[PDB]
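Only one chain is included here, represented as structure tokens and corresponding to the form deposited in one PDB entry.
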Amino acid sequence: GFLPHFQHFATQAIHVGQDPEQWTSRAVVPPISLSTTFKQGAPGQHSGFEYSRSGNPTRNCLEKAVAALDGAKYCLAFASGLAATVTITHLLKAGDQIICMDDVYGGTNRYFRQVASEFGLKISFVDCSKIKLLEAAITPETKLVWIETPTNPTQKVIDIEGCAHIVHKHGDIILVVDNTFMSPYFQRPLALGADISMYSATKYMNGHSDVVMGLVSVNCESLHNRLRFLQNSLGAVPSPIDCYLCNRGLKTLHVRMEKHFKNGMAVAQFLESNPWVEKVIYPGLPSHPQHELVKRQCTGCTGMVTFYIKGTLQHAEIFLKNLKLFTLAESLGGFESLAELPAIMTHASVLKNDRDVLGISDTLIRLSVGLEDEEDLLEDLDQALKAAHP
């Protein structure tokens, strides 16, 4: 009972922005234009490219492609997911209030809490997975609501349309959905009411663990113009080569994501029947408390699997160190399988008390299940878990 798959996604992934008639050569694959600058026929004419930071062919093609996948009119590429976040935050002004989902990427939490807040911005962390708590937290000063769904790393799921409805009822408030964990193949926040669909393109979008990049998709004309002004003005922009690599990565997004789904489901089911696993959190399992909502707003699920190992931090460490195919490393969304302990690694930057409230304990482990053979991945988890409880 998942949402039906988005029509023409693959066709668009491979072709939007990639029209050969853009190039004098009629190249089937867009060239990588590194050039910082472009010849102009007259001073002050507004006909064509001018300066790479402001706009450049390879970035522009990638932005077109991503926009289409998001069902968006526009998209803006950035130097990283965090830099996308920073740029979006600069839409605001001193005196403004930001509401942020209480469970998010550690660095996002850090940015709002320790940086943005220093500049006249008030930050409230709210469990938006309970729509009425969101409602209760909105103030006349609220200008931005930042959510992940599923959240990193406890994978709480948020009713995007329900949040949209509440957020847009009064005033002028921007709803951002960081769609990093799902990719637009599986979830389209703009279709559900968000004003912005945002990515760490570093993860599934590129999918090849070799590009650090952020993406921001948007429909609203005024909102886009404001964002485009800041892309140019803050200059947190991606290399044109990275744009090329990410675009290239996009061409297999659909077949990569389907295999992440299959492998992730297999891993989740395996862990849930494992005697050395205390609890599994995976949107595609009925055991996930928002599983039905997941099927309502998503076309499938990804490779991210969270689980609590039995025992203590020491068991968690022995498990991680015994993995032979999963790699103990940060990040996610690549072809290769990764494994992490968020409380000590990606989410060390989250306050202890917040970690405890959120349940990011010493025994919470986060998996990014890759595209390897399913049997090899299950064998690796099986032996590492036995190694941990001898």
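One rule holds for the numbers: they count along the sequence shown, beginning at 1. Definition used throughout: the rigid core is the maximal C-alpha set that superposes within 1.5 Å between two forms.
The following text describes the form deposited in another entry, which does not appear among the structures shown.
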query	finding
Comparing forms between this form and the one not shown after core superposition, the one residue of 80, 142, 274, 299 displaced by 2 Å or more at CA	274
Shift of residue 13 between this form and the one not shown at or above 2 Å (CA, core fit)	no
Rigid core fit then residue 124 CA moved by 2 Å or more between this form and the one not shown	no
Large Cα shift (2 Å or above) at residue 214 between this form and the one not shown, core-fitted	no
